[PDB]
$ cat my_file-v2.pdb   # PDB, C-alpha atoms (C1' of nucleotides)
ATOM      1  CA  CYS A   1     -54.068 -16.104 -41.426
ATOM      2  CA  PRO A   2     -51.662 -13.803 -43.276
ATOM      3  CA  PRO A   3     -48.182 -14.937 -44.342
ATOM      4  CA  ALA A   4     -44.730 -13.862 -43.193
ATOM      5  CA  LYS A   5     -41.441 -14.584 -44.944
ATOM      6  CA  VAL A   6     -37.950 -15.341 -43.642
ATOM      7  CA  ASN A   7     -34.547 -15.345 -45.327
ATOM      8  CA  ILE A   8     -32.262 -18.364 -45.012
ATOM      9  CA  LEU A   9     -28.850 -18.074 -43.360
ATOM     10  CA  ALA A  10     -27.112 -21.443 -43.659
ATOM     11  CA  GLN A  11     -27.666 -25.096 -44.481
ATOM     12  CA  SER A  12     -25.291 -28.038 -44.560
ATOM     13  CA  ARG A  13     -26.267 -29.344 -47.961
ATOM     14  CA  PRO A  14     -28.799 -27.763 -50.409
ATOM     15  CA  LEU A  15     -32.492 -28.648 -50.436
ATOM     16  CA  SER A  16     -32.320 -30.787 -53.581
ATOM     17  CA  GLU A  17     -30.137 -33.403 -51.885
ATOM     18  CA  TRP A  18     -32.564 -33.571 -48.966
ATOM     19  CA  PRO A  19     -34.231 -37.007 -48.715
ATOM     20  CA  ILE A  20     -37.539 -35.258 -47.973
ATOM     21  CA  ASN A  21     -37.367 -33.492 -51.348
ATOM     22  CA  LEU A  22     -36.013 -36.513 -53.236
ATOM     23  CA  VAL A  23     -38.734 -38.813 -51.893
ATOM     24  CA  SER A  24     -41.420 -36.251 -52.734
ATOM     25  CA  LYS A  25     -40.047 -35.796 -56.258
ATOM     26  CA  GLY A  26     -39.786 -39.554 -56.737
ATOM     27  CA  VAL A  27     -43.309 -40.091 -55.414
ATOM     28  CA  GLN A  28     -44.692 -37.285 -57.573
ATOM     29  CA  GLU A  29     -42.898 -38.502 -60.704
ATOM     30  CA  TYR A  30     -44.453 -41.943 -60.201
ATOM     31  CA  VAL A  31     -48.033 -40.896 -59.471
ATOM     32  CA  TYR A  32     -48.938 -38.207 -62.018
ATOM     33  CA  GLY A  33     -48.267 -40.533 -64.955
ATOM     34  CA  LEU A  34     -50.780 -43.179 -63.890
ATOM     35  CA  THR A  35     -53.828 -44.477 -65.731
ATOM     36  CA  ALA A  36     -57.248 -44.063 -64.115
ATOM     37  CA  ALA A  37     -57.115 -47.762 -63.153
ATOM     38  CA  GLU A  38     -53.641 -47.520 -61.603
ATOM     39  CA  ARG A  39     -54.468 -44.640 -59.246
ATOM     40  CA  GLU A  40     -57.286 -46.623 -57.625
ATOM     41  CA  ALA A  41     -55.141 -49.769 -57.434
ATOM     42  CA  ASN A  42     -52.214 -47.798 -55.982
ATOM     43  CA  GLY A  43     -54.362 -45.484 -53.847
ATOM     44  CA  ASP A  44     -54.226 -47.888 -50.876
ATOM     45  CA  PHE A  45     -52.148 -45.464 -48.821
ATOM     46  CA  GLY A  46     -53.267 -44.971 -45.232
ATOM     47  CA  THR A  47     -52.148 -42.879 -42.299
ATOM     48  CA  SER A  48     -50.276 -45.707 -40.577
ATOM     49  CA  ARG A  49     -46.755 -47.100 -40.484
ATOM     50  CA  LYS A  50     -47.463 -50.519 -41.945
ATOM     51  CA  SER A  51     -49.653 -49.016 -44.671
ATOM     52  CA  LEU A  52     -46.879 -46.737 -45.936
ATOM     53  CA  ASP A  53     -44.035 -49.179 -45.212
ATOM     54  CA  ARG A  54     -45.224 -51.704 -47.804
ATOM     55  CA  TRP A  55     -46.617 -49.100 -50.225
ATOM     56  CA  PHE A  56     -43.035 -48.397 -51.292
ATOM     57  CA  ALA A  57     -42.401 -52.118 -51.829
ATOM     58  CA  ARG A  58     -45.415 -52.683 -54.093
ATOM     59  CA  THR A  59     -44.995 -49.465 -56.093
ATOM     60  CA  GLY A  60     -41.193 -49.504 -56.111
ATOM     61  CA  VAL A  61     -40.829 -45.772 -55.465
ATOM     62  CA  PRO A  62     -37.265 -45.117 -54.232
ATOM     63  CA  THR A  63     -36.811 -44.436 -50.527
ATOM     64  CA  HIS A  64     -33.882 -42.189 -49.620
ATOM     65  CA  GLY A  65     -33.946 -43.010 -45.922
ATOM     66  CA  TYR A  66     -37.211 -41.130 -45.326
ATOM     67  CA  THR A  67     -39.553 -43.118 -43.105
ATOM     68  CA  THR A  68     -41.208 -40.458 -40.934
ATOM     69  CA  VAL A  69     -44.954 -41.049 -41.005
ATOM     70  CA  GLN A  70     -46.258 -37.472 -40.989
ATOM     71  CA  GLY A  71     -43.697 -36.325 -43.542
ATOM     72  CA  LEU A  72     -44.892 -39.098 -45.839
ATOM     73  CA  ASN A  73     -48.500 -38.007 -45.262
ATOM     74  CA  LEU A  74     -47.617 -34.474 -46.376
ATOM     75  CA  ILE A  75     -46.359 -35.673 -49.785
ATOM     76  CA  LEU A  76     -48.868 -38.482 -50.415
ATOM     77  CA  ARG A  77     -52.109 -36.680 -49.607
ATOM     78  CA  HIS A  78     -50.839 -33.717 -51.631
ATOM     79  CA  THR A  79     -49.644 -35.740 -54.632
ATOM     80  CA  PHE A  80     -52.981 -37.528 -55.011
ATOM     81  CA  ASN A  81     -54.843 -34.245 -54.523
ATOM     82  CA  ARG A  82     -52.887 -32.665 -57.382
ATOM     83  CA  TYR A  83     -53.663 -35.741 -59.464
ATOM     84  CA  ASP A  84     -57.366 -35.382 -58.689
ATOM     85  CA  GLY A  85     -57.084 -31.659 -59.406
ATOM     86  CA  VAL A  86     -56.691 -32.071 -63.164
ATOM     87  CA  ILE A  87     -59.575 -34.550 -63.336
ATOM     88  CA  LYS A  88     -61.681 -32.292 -61.114
ATOM     89  CA  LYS A  89     -60.780 -29.267 -63.241
ATOM     90  CA  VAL A  90     -61.934 -30.901 -66.476
ATOM     91  CA  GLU A  91     -64.945 -32.122 -64.482
ATOM     92  CA  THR A  92     -65.641 -28.586 -63.272
ATOM     93  CA  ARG A  93     -64.876 -27.521 -66.831
ATOM     94  CA  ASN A  94     -67.412 -30.243 -67.542
ATOM     95  CA  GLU A  95     -69.704 -28.453 -65.077
ATOM     96  CA  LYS A  96     -69.619 -25.149 -66.947
ATOM     97  CA  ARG A  97     -70.298 -27.099 -70.151
ATOM     98  CA  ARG A  98     -73.197 -28.800 -68.375
ATOM     99  CA  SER A  99     -74.599 -25.416 -67.364
ATOM    100  CA  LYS A 100     -74.446 -24.208 -70.965
ATOM    101  CA  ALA A 101     -76.308 -27.308 -72.136
ATOM    102  CA  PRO A 102     -70.383 -35.951 -74.647
ATOM    103  CA  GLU A 103     -67.507 -34.576 -72.547
ATOM    104  CA  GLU A 104     -63.851 -33.530 -72.491
ATOM    105  CA  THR A 105     -62.038 -36.233 -70.540
ATOM    106  CA  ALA A 106     -58.490 -35.913 -69.200
ATOM    107  CA  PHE A 107     -57.222 -39.278 -70.486
ATOM    108  CA  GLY A 108     -55.869 -39.884 -73.972
ATOM    109  CA  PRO A 109     -55.627 -43.083 -76.010
ATOM    110  CA  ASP A 110     -52.660 -44.195 -73.889
ATOM    111  CA  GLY A 111     -54.844 -43.837 -70.785
ATOM    112  CA  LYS A 112     -52.447 -41.430 -69.075
ATOM    113  CA  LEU A 113     -53.555 -38.060 -67.720
ATOM    114  CA  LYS A 114     -52.657 -35.658 -70.512
ATOM    115  CA  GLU A 115     -52.489 -32.389 -68.525
ATOM    116  CA  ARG A 116     -49.947 -33.895 -66.154
ATOM    117  CA  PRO A 117     -49.367 -31.791 -63.018
ATOM    118  CA  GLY A 118     -45.918 -30.314 -62.676
ATOM    119  CA  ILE A 119     -43.616 -31.300 -59.833
ATOM    120  CA  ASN A 120     -44.139 -29.123 -56.756
ATOM    121  CA  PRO A 121     -40.758 -28.240 -55.182
ATOM    122  CA  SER A 122     -42.228 -27.057 -51.865
ATOM    123  CA  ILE A 123     -40.889 -28.895 -48.838
ATOM    124  CA  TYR A 124     -43.639 -28.903 -46.216
ATOM    125  CA  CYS A 125     -42.514 -29.153 -42.592
ATOM    126  CA  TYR A 126     -44.424 -30.909 -39.803
ATOM    127  CA  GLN A 127     -44.756 -30.870 -36.015
ATOM    128  CA  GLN A 128     -41.772 -33.130 -35.358
ATOM    129  CA  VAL A 129     -39.555 -30.632 -37.231
ATOM    130  CA  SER A 130     -40.404 -27.092 -36.174
ATOM    131  CA  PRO A 131     -38.317 -23.926 -35.792
ATOM    132  CA  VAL A 132     -36.783 -23.566 -32.340
ATOM    133  CA  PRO A 133     -34.391 -21.009 -30.852
ATOM    134  CA  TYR A 134     -30.887 -21.864 -32.000
ATOM    135  CA  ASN A 135     -29.007 -23.246 -28.992
ATOM    136  CA  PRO A 136     -25.226 -23.212 -29.588
ATOM    137  CA  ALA A 137     -24.793 -26.363 -27.491
ATOM    138  CA  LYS A 138     -27.399 -28.743 -28.934
ATOM    139  CA  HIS A 139     -27.364 -27.534 -32.547
ATOM    140  CA  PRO A 140     -24.284 -27.608 -34.797
ATOM    141  CA  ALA A 141     -21.618 -24.925 -34.918
ATOM    142  CA  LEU A 142     -22.313 -21.739 -36.873
ATOM    143  CA  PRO A 143     -20.420 -18.425 -36.728
ATOM    144  CA  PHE A 144     -23.383 -16.250 -35.740
ATOM    145  CA  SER A 145     -24.349 -16.274 -32.071
ATOM    146  CA  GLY A 146     -27.770 -17.243 -30.743
ATOM    147  CA  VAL A 147     -29.858 -15.216 -28.320
ATOM    148  CA  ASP A 148     -31.374 -16.496 -25.096
ATOM    149  CA  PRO A 149     -34.973 -17.622 -25.757
ATOM    150  CA  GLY A 150     -36.224 -16.194 -22.458
ATOM    151  CA  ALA A 151     -34.669 -12.740 -22.484
ATOM    152  CA  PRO A 152     -36.672 -10.001 -24.247
ATOM    153  CA  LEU A 153     -35.496  -9.080 -27.731
ATOM    154  CA  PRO A 154     -33.657  -5.757 -28.172
ATOM    155  CA  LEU A 155     -35.502  -2.716 -29.460
ATOM    156  CA  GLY A 156     -33.942  -1.662 -32.750
ATOM    157  CA  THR A 157     -32.074   1.644 -32.619
ATOM    158  CA  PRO A 158     -33.630   3.747 -29.843
ATOM    159  CA  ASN A 159     -32.697   7.432 -29.765
ATOM    160  CA  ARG A 160     -31.400   7.643 -33.328
ATOM    161  CA  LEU A 161     -30.287  11.256 -32.851
ATOM    162  CA  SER A 162     -28.018  10.330 -29.914
ATOM    163  CA  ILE A 163     -25.558   8.419 -32.102
ATOM    164  CA  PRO A 164     -21.891   9.478 -32.393
ATOM    165  CA  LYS A 165     -20.831  11.416 -35.470
ATOM    166  CA  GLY A 166     -18.811   9.385 -37.947
ATOM    167  CA  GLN A 167     -20.379   6.156 -36.653
ATOM    168  CA  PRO A 168     -23.079   4.318 -38.624
ATOM    169  CA  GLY A 169     -26.561   5.758 -38.275
ATOM    170  CA  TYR A 170     -25.473   9.381 -37.832
ATOM    171  CA  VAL A 171     -28.104  11.908 -38.917
ATOM    172  CA  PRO A 172     -26.334  15.115 -40.040
ATOM    173  CA  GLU A 173     -27.176  18.517 -38.616
ATOM    174  CA  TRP A 174     -28.805  20.047 -41.709
ATOM    175  CA  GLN A 175     -31.237  17.124 -41.798
ATOM    176  CA  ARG A 176     -32.475  16.862 -38.205
ATOM    177  CA  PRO A 177     -35.256  19.431 -38.807
ATOM    178  CA  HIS A 178     -38.087  18.053 -40.962
ATOM    179  CA  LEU A 179     -37.738  14.472 -39.731
ATOM    180  CA  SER A 180     -40.495  11.915 -39.323
ATOM    181  CA  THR A 181     -42.446  13.081 -36.288
ATOM    182  CA  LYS A 182     -44.878  10.229 -36.994
ATOM    183  CA  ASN A 183     -44.167   6.574 -36.302
ATOM    184  CA  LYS A 184     -42.821   4.453 -39.132
ATOM    185  CA  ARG A 185     -40.448   1.553 -39.664
ATOM    186  CA  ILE A 186     -36.909   2.233 -38.452
ATOM    187  CA  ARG A 187     -34.611   1.048 -41.228
ATOM    188  CA  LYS A 188     -31.128   0.011 -40.158
ATOM    189  CA  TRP A 189     -27.696   1.175 -41.292
ATOM    190  CA  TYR A 190     -27.099  -2.061 -43.219
ATOM    191  CA  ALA A 191     -30.474  -1.827 -44.969
ATOM    192  CA  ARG A 192     -30.331  -2.366 -48.720
ATOM    193  CA  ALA A 193     -33.129   0.156 -49.307
ATOM    194  CA  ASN A 194     -30.650   2.914 -48.411
ATOM    195  CA  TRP A 195     -27.749   1.421 -50.425
ATOM    196  CA  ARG A 196     -28.945   0.601 -53.936
ATOM    197  CA  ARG A 197     -28.156   1.805 -57.440
ATOM    198  CA  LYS A 198     -29.921   5.115 -58.010
ATOM    199  CA  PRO A 199     -29.201   7.936 -60.592
ATOM    200  CA  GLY A 200     -28.853  10.334 -57.656
ATOM    201  CA  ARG A 201     -26.745   8.196 -55.298
ATOM    202  CA  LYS A 202     -22.972   8.639 -55.456
ATOM    203  CA  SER A 203     -22.424   6.120 -52.640
ATOM    204  CA  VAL A 204     -20.513   2.900 -53.312
ATOM    205  CA  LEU A 205     -22.176  -0.503 -53.036
ATOM    206  CA  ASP A 206     -20.097  -3.094 -51.173
ATOM    207  CA  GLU A 207     -22.158  -6.220 -50.543
ATOM    208  CA  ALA A 208     -19.430  -7.714 -48.343
ATOM    209  CA  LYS A 209     -19.588  -4.884 -45.797
ATOM    210  CA  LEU A 210     -23.384  -4.706 -45.546
ATOM    211  CA  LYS A 211     -24.216  -8.420 -45.426
ATOM    212  CA  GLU A 212     -21.685  -9.164 -42.680
ATOM    213  CA  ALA A 213     -23.334  -6.388 -40.665
ATOM    214  CA  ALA A 214     -26.746  -7.982 -41.194
ATOM    215  CA  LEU A 215     -26.261 -11.370 -39.512
ATOM    216  CA  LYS A 216     -24.394 -10.217 -36.393
ATOM    217  CA  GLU A 217     -27.679  -8.749 -35.111
ATOM    218  CA  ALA A 218     -29.792 -11.568 -36.573
ATOM    219  CA  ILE A 219     -32.424 -13.662 -34.795
ATOM    220  CA  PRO A 220     -31.652 -17.292 -35.716
ATOM    221  CA  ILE A 221     -34.156 -20.155 -35.643
ATOM    222  CA  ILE A 222     -33.276 -23.693 -36.728
ATOM    223  CA  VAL A 223     -35.159 -26.587 -38.338
ATOM    224  CA  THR A 224     -33.464 -29.997 -38.507
ATOM    225  CA  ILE A 225     -34.999 -32.932 -40.392
ATOM    226  CA  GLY A 226     -32.369 -35.669 -40.352
ATOM    227  CA  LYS A 227     -28.699 -34.738 -40.436
ATOM    228  CA  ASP A 228     -29.580 -31.523 -42.301
ATOM    229  CA  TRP A 229     -30.166 -28.234 -40.453
ATOM    230  CA  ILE A 230     -31.561 -24.994 -41.852
ATOM    231  CA  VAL A 231     -31.007 -21.773 -39.892
ATOM    232  CA  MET A 232     -33.009 -18.620 -40.522
ATOM    233  CA  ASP A 233     -33.430 -14.914 -39.654
ATOM    234  CA  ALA A 234     -36.479 -14.422 -37.434
ATOM    235  CA  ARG A 235     -36.648 -10.684 -38.112
ATOM    236  CA  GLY A 236     -39.340 -10.870 -40.767
ATOM    237  CA  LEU A 237     -41.305 -12.530 -37.989
ATOM    238  CA  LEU A 238     -40.408  -9.605 -35.720
ATOM    239  CA  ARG A 239     -41.430  -7.008 -38.302
ATOM    240  CA  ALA A 240     -44.676  -8.860 -39.029
ATOM    241  CA  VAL A 241     -45.681  -8.711 -35.365
ATOM    242  CA  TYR A 242     -44.672  -5.024 -35.306
ATOM    243  CA  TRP A 243     -46.240  -3.356 -38.353
ATOM    244  CA  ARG A 244     -49.271  -5.404 -37.480
ATOM    245  CA  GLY A 245     -50.194  -4.267 -33.994
ATOM    246  CA  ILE A 246     -49.943  -7.557 -32.097
ATOM    247  CA  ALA A 247     -46.594  -7.159 -30.317
ATOM    248  CA  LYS A 248     -44.633  -4.787 -28.094
ATOM    249  CA  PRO A 249     -40.991  -3.743 -28.105
ATOM    250  CA  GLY A 250     -39.865  -6.118 -25.348
ATOM    251  CA  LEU A 251     -40.755  -9.670 -26.362
ATOM    252  CA  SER A 252     -39.041 -13.035 -26.001
ATOM    253  CA  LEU A 253     -38.052 -15.341 -28.847
ATOM    254  CA  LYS A 254     -39.934 -18.241 -27.263
ATOM    255  CA  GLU A 255     -43.067 -16.126 -27.568
ATOM    256  CA  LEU A 256     -42.163 -14.605 -30.953
ATOM    257  CA  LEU A 257     -42.590 -17.759 -33.030
ATOM    258  CA  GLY A 258     -45.457 -18.918 -30.857
ATOM    259  CA  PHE A 259     -47.430 -16.475 -32.996
ATOM    260  CA  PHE A 260     -46.607 -18.682 -35.946
ATOM    261  CA  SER A 261     -47.325 -22.227 -37.013
ATOM    262  CA  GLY A 262     -44.863 -25.053 -36.474
ATOM    263  CA  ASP A 263     -45.167 -25.984 -40.172
ATOM    264  CA  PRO A 264     -43.091 -23.597 -42.306
ATOM    265  CA  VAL A 265     -43.101 -24.009 -46.081
ATOM    266  CA  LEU A 266     -39.703 -23.762 -47.769
ATOM    267  CA  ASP A 267     -38.719 -22.674 -51.288
ATOM    268  CA  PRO A 268     -35.594 -24.626 -52.334
ATOM    269  CA  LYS A 269     -34.770 -22.487 -55.374
ATOM    270  CA  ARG A 270     -35.762 -19.013 -54.164
ATOM    271  CA  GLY A 271     -34.083 -19.256 -50.753
ATOM    272  CA  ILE A 272     -37.067 -18.136 -48.654
ATOM    273  CA  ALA A 273     -39.432 -19.925 -46.275
ATOM    274  CA  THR A 274     -42.931 -18.679 -45.491
ATOM    275  CA  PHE A 275     -44.589 -18.626 -42.066
ATOM    276  CA  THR A 276     -48.229 -18.021 -41.179
ATOM    277  CA  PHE A 277     -49.990 -16.523 -38.176
ATOM    278  CA  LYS A 278     -51.413 -19.246 -35.948
ATOM    279  CA  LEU A 279     -54.813 -18.137 -34.647
TER     280      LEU A 279
ATOM    281  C1'  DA B   1     -43.898 -11.163 -72.229
ATOM    282  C1'  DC B   2     -48.008 -10.080 -70.123
ATOM    283  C1'  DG B   3     -52.501  -9.684 -67.983
ATOM    284  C1'  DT B   4     -56.183 -13.750 -67.119
ATOM    285  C1'  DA B   5     -58.419 -18.380 -65.397
ATOM    286  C1'  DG B   6     -58.219 -22.462 -62.182
ATOM    287  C1'  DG B   7     -56.697 -26.916 -60.051
ATOM    288  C1'  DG B   8     -52.972 -27.977 -55.797
ATOM    289  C1'  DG B   9     -50.875 -25.571 -50.639
ATOM    290  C1'  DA B  10     -49.632 -23.128 -46.305
ATOM    291  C1'  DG B  11     -51.454 -28.155 -37.624
ATOM    292  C1'  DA B  12     -51.224 -29.824 -33.313
ATOM    293  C1'  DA B  13     -52.880 -32.427 -29.331
ATOM    294  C1'  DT B  14     -52.200 -36.804 -27.043
ATOM    295  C1'  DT B  15     -50.155 -41.636 -26.941
ATOM    296  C1'  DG B  16     -46.976 -45.367 -26.949
ATOM    297  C1'  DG B  17     -41.343 -48.013 -26.662
TER     298       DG B  17
ATOM    299  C1'   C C   1     -41.271  -1.047 -35.819
ATOM    300  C1'   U C   2     -33.580  -4.493 -36.605
ATOM    301  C1'   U C   3     -34.244  -8.306 -42.029
ATOM    302  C1'   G C   4     -36.452  -8.383 -47.248
ATOM    303  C1'   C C   5     -39.079  -5.328 -51.055
ATOM    304  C1'   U C   6     -41.277  -0.674 -54.415
ATOM    305  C1'   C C   7     -41.221   4.728 -55.502
ATOM    306  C1'   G C   8     -38.512   9.733 -54.480
ATOM    307  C1'   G C   9     -34.859  13.738 -51.839
ATOM    308  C1'   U C  10     -29.820  14.078 -51.066
ATOM    309  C1'   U C  11     -24.121  17.732 -48.446
ATOM    310  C1'   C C  12     -23.331  10.202 -49.947
ATOM    311  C1'   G C  13     -23.157  10.439 -43.504
ATOM    312  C1'   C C  14     -29.525   8.566 -44.368
ATOM    313  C1'   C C  15     -33.823  10.798 -45.109
ATOM    314  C1'   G C  16     -38.921  10.991 -46.252
ATOM    315  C1'   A C  17     -42.921   8.435 -48.807
ATOM    316  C1'   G C  18     -45.379   3.292 -49.480
ATOM    317  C1'   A C  19     -46.960  -2.048 -50.220
ATOM    318  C1'   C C  20     -47.708  -6.597 -47.513
ATOM    319  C1'   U C  21     -52.339 -13.183 -49.208
ATOM    320  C1'   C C  22     -48.691 -15.528 -50.872
ATOM    321  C1'   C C  23     -46.210 -20.033 -53.288
ATOM    322  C1'   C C  24     -46.671 -24.124 -56.988
ATOM    323  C1'   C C  25     -48.631 -26.096 -61.464
ATOM    324  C1'   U C  26     -51.584 -26.688 -65.995
ATOM    325  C1'   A C  27     -53.552 -23.923 -69.758
ATOM    326  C1'   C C  28     -55.610 -19.646 -72.914
ATOM    327  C1'   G C  29     -55.077 -14.102 -75.039
ATOM    328  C1'   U C  30     -51.978 -10.045 -76.684
TER     329        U C  30
ATOM    330  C1'  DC D   1     -37.823 -38.228 -25.376
ATOM    331  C1'  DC D   2     -40.058 -38.355 -29.704
ATOM    332  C1'  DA D   3     -42.385 -40.867 -33.740
ATOM    333  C1'  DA D   4     -47.036 -43.062 -34.622
ATOM    334  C1'  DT D   5     -51.870 -42.209 -34.033
ATOM    335  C1'  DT D   6     -55.425 -39.424 -34.578
ATOM    336  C1'  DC D   7     -59.223 -35.562 -36.055
TER     337       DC D   7
END
$ encode --input "my_file-v2.pdb" --output "C-alpha cells"
Amino acid sequence: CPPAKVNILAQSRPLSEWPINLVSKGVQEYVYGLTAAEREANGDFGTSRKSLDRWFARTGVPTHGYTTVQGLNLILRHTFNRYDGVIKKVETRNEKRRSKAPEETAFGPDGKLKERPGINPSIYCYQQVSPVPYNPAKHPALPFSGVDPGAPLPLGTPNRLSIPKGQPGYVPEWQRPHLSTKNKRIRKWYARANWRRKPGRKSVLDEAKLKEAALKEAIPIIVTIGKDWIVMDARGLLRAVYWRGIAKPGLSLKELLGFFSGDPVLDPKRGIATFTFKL
DNA sequence: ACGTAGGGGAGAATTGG
RNA sequence: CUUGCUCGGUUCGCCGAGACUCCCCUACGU
DNA sequence: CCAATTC
C-alpha cells in the first residue's frame, strides 16, 4: 500500500478553525497530561453514541459542534494509543534492560507522564467524508470547472511535435533530433521543473502566469465535513496510476479514486493530503 | 544542524430513522 | 505518463536524465 | 439518504 500525494486548491476557512481539528487538539491536550490513575478512570470510551456523548460531560473537554461517531473514534483511539506509546516505549526500553540483566518509569513525582506526546495535527478522514468528483451543482461555487465523472480523462499532450510555433509546448527545429525515443513522463508547459531559478536559465519566472495555467486543466475532488469544503487536484492520483503500471490513458474519474482509500490524511500546515492505494 | 532510534498513523460493509 | 519534487543541457521557445513509504511526536550524538 | 453499528 504505497502513498500518493495531492495538492490543495481551495477551502472556505483554514484547517485550524475546523471543529474536527479543534476537538482533536482539545481532546489531545486533555489526555496526555493525565496520571496513570486518571487514564483508567477516563478510559471508559466506547464505540457508541451514548458512550461518547456523556464522555465529554464527565471530562469537560470542549465540543465545537463535532458529534460524528466515527470521527470521534479516529481521535480517541489514536490519542490513547499515543498515550500508551510512551509507557510502552519505556516498557520496551525496560525490555532491552531486562535482556541485558529496578526500572525507568514514565511518571514523575507529580504522577504525570513526563515524556508527554506532542499534539498530532493530522486530520484523519472517514467513510462518511470521502473525496468525490466535484459536481458544480451540489457543491459550492468555485472558479475552476469540474469534469464529468463518467467520461474518460484526457490524455496529456498527445503528438507534442504537432503543436503550432509560438504557442506553448513548441519544440524548436534544432532540438527535434535527439529526443526521447523511450517512454517517460510528459511534463507540461506550466510545469515548475522547466521554470525555476538556474545559473543557465535566462527565462523569467512569473508565478501568476504559470499557476493560473495549472488549475484550468486540473482534476478536482472535494471533501466536505460540516460547512467546510476542501477541493483538491487529482493529478497526483493520475500520475501515481501511470508511472506505476496499473492504469491506461483513457480512464474515468469515478474509477480513478476507486484505486484509493476513502480516508485521506490531511496536513493542515503543509497544504498537502496523502492518499493510499486500496488493495 | 544533522544523521540515528522508536513510540503513534495512513477502512468499509451493512443497518437503522 | 497533465500536478508536485531532485540533478543537468540550452538558441529561453523546453529538452534530456532521475527519485517515489511517507507523515507526526518524544528523545540521544556530532 | 446518511450517521450509528460493527469487525
$ interface_residues --input "my_file-v2.pdb" --of "chain A" --to "chain B" --cutoff "7 Å" --atoms "all atoms listed in the file" --output "PDB file with C-alpha atoms, in the frame of the given file"
ATOM      1  CA  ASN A  81     -54.843 -34.245 -54.523  1.00  0.00           C
ATOM      2  CA  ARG A  82     -52.887 -32.665 -57.382  1.00  0.00           C
ATOM      3  CA  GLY A  85     -57.084 -31.659 -59.406  1.00  0.00           C
ATOM      4  CA  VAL A  86     -56.691 -32.071 -63.164  1.00  0.00           C
ATOM      5  CA  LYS A  89     -60.780 -29.267 -63.241  1.00  0.00           C
ATOM      6  CA  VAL A 265     -43.101 -24.009 -46.081  1.00  0.00           C
TER       7      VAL A 265
END
$ resolve_selection --input "my_file-v2.pdb" --expression "the PyMOL selection byres ((chain A) within 8 of (chain C))" --output "PyMOL selection string"
chain A and resi 2-3+6-7+86+115-122+155-157+166+168-172+175+179-180+184-188+194+200-203+214+217-218+233-236+239+242-243
$ interface_residues --input "my_file-v2.pdb" --of "chain A" --to "chain D" --cutoff "12 Å" --atoms "all atoms listed in the file" --output "count of residues only"
17
$ atom_distance --input "my_file-v2.pdb" --atom1 "atom CA of residue 24 of chain A" --atom2 "atom CA of residue 232 of chain A"
23.0 Å
$ resolve_selection --input "my_file-v2.pdb" --expression "the PyMOL selection byres ((chain A and resi 229) around 10)" --output "PDB file with C-alpha atoms, keeping the file's coordinate frame"
ATOM      1  CA  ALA A  10     -27.112 -21.443 -43.659  1.00  0.00           C
ATOM      2  CA  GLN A  11     -27.666 -25.096 -44.481  1.00  0.00           C
ATOM      3  CA  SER A  12     -25.291 -28.038 -44.560  1.00  0.00           C
ATOM      4  CA  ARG A  13     -26.267 -29.344 -47.961  1.00  0.00           C
ATOM      5  CA  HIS A 139     -27.364 -27.534 -32.547  1.00  0.00           C
ATOM      6  CA  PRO A 140     -24.284 -27.608 -34.797  1.00  0.00           C
ATOM      7  CA  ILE A 222     -33.276 -23.693 -36.728  1.00  0.00           C
ATOM      8  CA  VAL A 223     -35.159 -26.587 -38.338  1.00  0.00           C
ATOM      9  CA  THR A 224     -33.464 -29.997 -38.507  1.00  0.00           C
ATOM     10  CA  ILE A 225     -34.999 -32.932 -40.392  1.00  0.00           C
ATOM     11  CA  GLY A 226     -32.369 -35.669 -40.352  1.00  0.00           C
ATOM     12  CA  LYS A 227     -28.699 -34.738 -40.436  1.00  0.00           C
ATOM     13  CA  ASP A 228     -29.580 -31.523 -42.301  1.00  0.00           C
ATOM     14  CA  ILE A 230     -31.561 -24.994 -41.852  1.00  0.00           C
ATOM     15  CA  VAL A 231     -31.007 -21.773 -39.892  1.00  0.00           C
TER      16      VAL A 231
END
$ residues_around --input "my_file-v2.pdb" --residues "residue 64 of chain A" --least-positions-apart "2" --cutoff "7 Å" --atoms "all atoms listed in the file" --output "ChimeraX atom specification"
/A:19,23,62,66
$ closest_residue --input "my_file-v2.pdb" --among "A:57, A:20, A:106, A:240" --to "residue 74 of chain A" --atoms "only C-alpha atoms"
A:20
$ axis_aligned_box --input "my_file-v2.pdb" --around "segment 2-15 of chain B" --padding-each-side "5 Å" --output "AutoDock Vina command-line options"
--center_x -53.2 --center_y -25.7 --center_z -48.5 --size_x 20.4 --size_y 42.0 --size_z 53.2
$ atom_distance --input "my_file-v2.pdb" --atom1 "atom CA of residue 246 of chain A" --atom2 "atom CA of residue 148 of chain A"
21.8 Å
$ resolve_selection --input "my_file-v2.pdb" --expression "the PyMOL selection byres ((chain A and resi 145) around 10)" --output "ChimeraX atom specification"
/A:134-136,141-144,146-148,215-220
$ write_last_selection --input "my_file-v2.pdb" --atoms "C-alpha atoms" --output "compact mmCIF listing (two decimals), in the coordinates of the input"
# COMPACT_ATOMS: atom_id res chain seq x y z
CA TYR A 134 -30.89 -21.86 -32.00
CA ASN A 135 -29.01 -23.25 -28.99
CA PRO A 136 -25.23 -23.21 -29.59
CA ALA A 141 -21.62 -24.92 -34.92
CA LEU A 142 -22.31 -21.74 -36.87
CA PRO A 143 -20.42 -18.42 -36.73
CA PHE A 144 -23.38 -16.25 -35.74
CA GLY A 146 -27.77 -17.24 -30.74
CA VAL A 147 -29.86 -15.22 -28.32
CA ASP A 148 -31.37 -16.50 -25.10
CA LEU A 215 -26.26 -11.37 -39.51
CA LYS A 216 -24.39 -10.22 -36.39
CA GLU A 217 -27.68 -8.75 -35.11
CA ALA A 218 -29.79 -11.57 -36.57
CA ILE A 219 -32.42 -13.66 -34.80
CA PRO A 220 -31.65 -17.29 -35.72
$ atom_distance --input "my_file-v2.pdb" --atom1 "atom CA of residue 269 of chain A" --atom2 "atom CA of residue 16 of chain A"
8.8 Å
